[PDB]
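Chain residues, written in single-letter form:
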Amino acid sequence: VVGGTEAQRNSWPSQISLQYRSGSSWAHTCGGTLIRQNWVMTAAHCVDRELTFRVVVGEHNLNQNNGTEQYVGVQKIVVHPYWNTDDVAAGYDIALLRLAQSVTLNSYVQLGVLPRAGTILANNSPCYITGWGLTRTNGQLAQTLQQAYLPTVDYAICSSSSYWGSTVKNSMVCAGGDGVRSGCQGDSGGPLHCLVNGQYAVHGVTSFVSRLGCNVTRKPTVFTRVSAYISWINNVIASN
Ligand SMILES: *C(=O)c1cc(N)ccc1[C@H](*)C(=O)OCCBr
Ligand SMILES: [Ca+2]
């Protein structure tokens, strides 16, 4: 997260750290959302490589023991059938992971609330992006969970030539574009928490930013619109 603020230890209990075995250690790669006690939702592109993955729940500080962490391995990876590595602008940037075991729910570990199917937020809706991604373009990963206020940009605007143009689709969500705040590398797969009817819900999955940089004016952070995959999500969990 670029231009964000350190998040409170118990503000976003649904946030997870997706890591992969690196030699003799683990390294944060993506964010994700705990949707089930044994299911996590992330970005497809996060699990494109064939590495060993593990999920860290109740995580706050990557390089420090918070006394709240729960480490679980990934048992099964279910990417979206229409997903294609070479075409991120195509969509379908979503994957469901089945955890080896069920995590213990508590103050730091909670299930993310999903939006109802077909739900579209109005322009300039109140949202927050969370993650441990790069704090600066081409910078380094954040040690502690960061957060940034990211109002949404409606399809009509986001799809305009001055913005993302045709690169973006109706099955995506735009947020930010102020040239100051945004998602960055390592934040993707993570949640986009939006306040609807007094309650925060996960309306998107961090997908992509511009090749130019993370924080670029008129280049909002792009997310996979979760409300577009409700049916799919339910079908996967019920069958696996
Ligand atoms: C976000 O999920 C993410 C995280 C990492 N570490 C690498 C890539 C991605 C998504 C993406 O499309 O960015 C390409 C890397 Br310039
Ligand atoms: Ca920790």
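The numbering scheme counts residues from 1 along every chain following its written sequence, independent of the entry's numbering, with residues that lack coordinates not shown. Here chains are named by letter from A upward and ligands by number from 1 upward, in the order in which they appear as written. Side-chain numbers here rest on the full set of heavy atoms in the structure, without hydrogens or water.

X-ray crystallography is the method the PDB entry lists for this structure, together with a resolution of 1.9 Å.

Here the focus is the side chain of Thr-68. Secondary structure elements follow DSSP: runs of H or I of four or more residues count as helices, runs of E of two or more count as strands, with numbering from the N terminus. Here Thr-68 shows up in the loop between β5 (53–57) and β6 (70–79). The buried label applies to any residue whose accessible area, calculated with a 1.4 Å probe on protein chains only, is under 20% of its type's maximum; exposed applies above 50%, and partly exposed to all values in between. Overall, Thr-68 belongs to the buried group, its relative accessible area being 12%. For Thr-68, the side chain forms a polar contact with the main-chain oxygen of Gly-58, separated by 2.7 Å. By the convention used here, residues are in contact when the closest approach between their heavy atoms is within 4.5 Å. Leave out the neighbours within four places in its chain, and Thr-68 touches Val-57, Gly-58 and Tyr-108. Think of a polar contact as two N or O atoms within 3.5 Å of one another; within protein, one of them needs to be a possible hydrogen donor and the other a possible acceptor, and neighboring residues in sequence only count if both atoms come from side chains.

A word on the packing of aromatic side chains. Note on aromatic pairs: the rings of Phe, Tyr and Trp (six-membered ring only in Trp) are paired at centre separations within 6.5 Å, and the planes decide the class, stacked below 30 degrees, edge-to-face beyond 60, tilted for the rest. Under the counting rule described, the total for this entry stands at six aromatic pairs. Taken together, a centroid distance of 5.3 Å and an interplanar angle of 55° make the contact between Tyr-128 and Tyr-149 tilted. Linking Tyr-128 in strand β8 (residues 127–131) with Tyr-149 in strand β9 (residues 146–149), this pair joins segments that are 21 residues apart in sequence. Taking the relative accessible area as the measure of exposure, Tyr-149 reaches 30% and is therefore partly exposed. On the numbers, 5.1 Å between centres and 85° between planes, the contact of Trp-164 with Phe-208 is edge-to-face. With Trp-164 in the loop between α1 (155–158) and β11 (172–175) and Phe-208 in strand β13 (residues 199–208), this pair connects stretches of sequence that are 44 residues apart. Given the relative accessible area of 13%, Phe-208 is considered buried. One aromatic cluster in this structure is built from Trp-12, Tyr-128, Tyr-149 and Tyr-200.

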